[PDB]
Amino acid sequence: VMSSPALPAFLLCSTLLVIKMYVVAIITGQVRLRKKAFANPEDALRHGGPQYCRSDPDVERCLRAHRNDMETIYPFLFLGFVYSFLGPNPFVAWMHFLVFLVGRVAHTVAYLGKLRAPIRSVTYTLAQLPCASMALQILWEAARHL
């Protein structure tokens, strides 16, 4: 874990974000049960009848949050890992990771909490900035070692 100075901070933030995705999965399942809105007939038949194989807007919202997480957190897992080994200034690296972590936690709160626009969109954009920064830094390092 001490293979580079930024790596522990990266691994902490990454793992917290993976756990935060698992929390979204748990919430999704709870909403399905409470709203009786299942995706599969076999599930519905166990939980009250075929009429409960149906869509629900709160379930759909949970799925959108989880999807957006997969669109953003998964690339961070890759970029941040690589970036950690490029010898960034450790404080600058911490700032990239913390901005991503806080932005993404805020995004889920804004999404699942139905907060007014543009709160969710701002949190998304915030969190994408350090990702864009890391991606460009990796591109320069990779290109210059070809």
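We number the residues from 1 along the sequence you see.
Undergrad: Using only C-alpha atoms and the B-factors in the entry, which stretch averages higher, 106-114 or 89-97?
TA: Higher of the two, by average CA B-factor, is 89-97.
Undergrad: Between 75-83 and 50-58, point out the one with the higher average CA B-factor as the PDB entry records it.
TA: Between 75-83 and 50-58, it is 50-58.
Undergrad: Going by what the PDB entry lists, where does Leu63 fall on CA B-factor within its chain: lowest, middle or highest third?
TA: For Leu63, the deposited C-alpha B-factor lands in the lowest third.
Undergrad: Which third of the chain does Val31 land in by C-alpha B-factor: lowest, middle or highest?
TA: Answer is middle: the recorded C-alpha B-factor places it there.
Undergrad: Lowest, middle or highest third of the chain for the C-alpha temperature factor of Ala39?
TA: CA B-factor rank for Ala39: highest third.
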